[PDB]
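In: Any chance you can model this:
(2 chains, ligands or ions: 1)
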There are 2 protein chains.
Amino acid sequence: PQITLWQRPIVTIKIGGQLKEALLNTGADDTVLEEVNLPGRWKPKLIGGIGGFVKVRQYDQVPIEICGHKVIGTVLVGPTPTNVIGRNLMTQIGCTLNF
Amino acid sequence: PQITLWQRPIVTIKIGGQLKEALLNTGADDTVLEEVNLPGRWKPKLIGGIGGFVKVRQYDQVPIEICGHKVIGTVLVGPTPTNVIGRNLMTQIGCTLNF
Ligand SMILES: C#CCNC(=O)[C@@H](Cc1ccccc1)NC(=O)C[C@H](O)[C@H](Cc1ccccc1)NC(=O)[C@@H](NC(=O)c1ccccn1)C(C)C
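Out: Numbering: from 1, shown residues only, chains lettered A, B, ... in the order given. Find the structure here:
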């Protein structure tokens, strides 16, 4: 799709057998989702850095469907005010900024 | 331009007679720049909302050139870790997300 930016670019995703919504965020390096039970291995990771850090669980090579595009990438699971698809997964789906 | 997202989408801008760099951030509603002297009227605005708010100066209808595209939009001037071009100015330059 071509998504204009008059509203927040919120898309539907499928992850961990769940349907969720997330924001396509070119300002975010990483993808951070709340409340997903993913199977397989993880390691803790500190993100943010303003006011302290936030600890999340880093799962590598997670299958995720974004707006119908099935890809694989690192998903950080932990507290976040909004589910965010970061550049790491936008590259996988071939998403570009165009003007 | 078509901008892939393997690196941070940092672009050159011209604002208030100065060259600056800023991040194209589809996760940001508003454009927030640090250290620009803009002429004409402003009003204070509270932004963020996590840990407290940050106060910035809101300047409406500011001429700004972004990656060579001359547009007009609201620019918030105040503290920010990164100069950010938000959706408000990405709409003006006709920037879309495409995949
Ligand atoms: C007004 C305003 C700017 N941002 C906001 O209010 C936040 C709130 C939010 C947090 C998580 C998910 C969705 C939304 N929204 C964003 O989309 C974040 C923004 O796209 C990006 C993503 C990011 C996060 C951490 C470090 C570096 C970059 N930017 C930022 O968050 C900004 N800097 C930060 O230091 C920061 C750190 C931790 C939380 C919030 N902010 C700077 C770039 C100015």
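In: Residue A:90: how many residues sit nearby?
Out: Using other Cβ atoms under 10 Å in any protein chain shown, residue A:90 has 26 other residues around it. From N, CA and C alone the C-beta is placed, and that goes for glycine too.
In: Pull the contacting residues for residue A:97.
Out: Residue A:97 makes contacts with A:26, B:1-3, B:5, B:9, B:24, B:26, B:90, B:95-98, as judged by Cβ atoms under 8 Å, 6 or more residues apart in numbering or on different chains.
In: Now list the buried members of these.
Out: Listed as buried from the contacts of residue A:97 are A:26, B:3, B:5, B:9, B:24, B:26, B:90, B:95, B:96, B:97; burial here means 16 or more other Cβ atoms under 10 Å in any protein chain shown.
In: Please, which helix or strand holds the residue of chain A found nearest the ligand?
Out: Closest approach between chain A and the ligand, counting by Cβ to the nearest ligand atom: residue A:27, at 3.0 Å. Using DSSP states H and E, residue A:27 is not contained in any helix or strand.
In: follow-up on the earlier one: columns distance to residue B:45 and secondary structure on top of the contacts of residue A:97, output as a markdown table?
Out: Shown next, in a markdown table, are those (distance: Cβ to Cβ, whole Å; DSSP: H, G, I helix; E, B strand; the rest coil):
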| residue | distance to residue B:45 | secondary structure |
| --- | --- | --- |
| A:26 | 23 | coil |
| B:1 | 30 | coil |
| B:2 | 33 | strand |
| B:3 | 28 | strand |
| B:5 | 29 | coil |
| B:9 | 25 | coil |
| B:24 | 21 | strand |
| B:26 | 21 | coil |
| B:90 | 19 | helix |
| B:95 | 23 | coil |
| B:96 | 27 | strand |
| B:97 | 26 | strand |
| B:98 | 31 | strand |
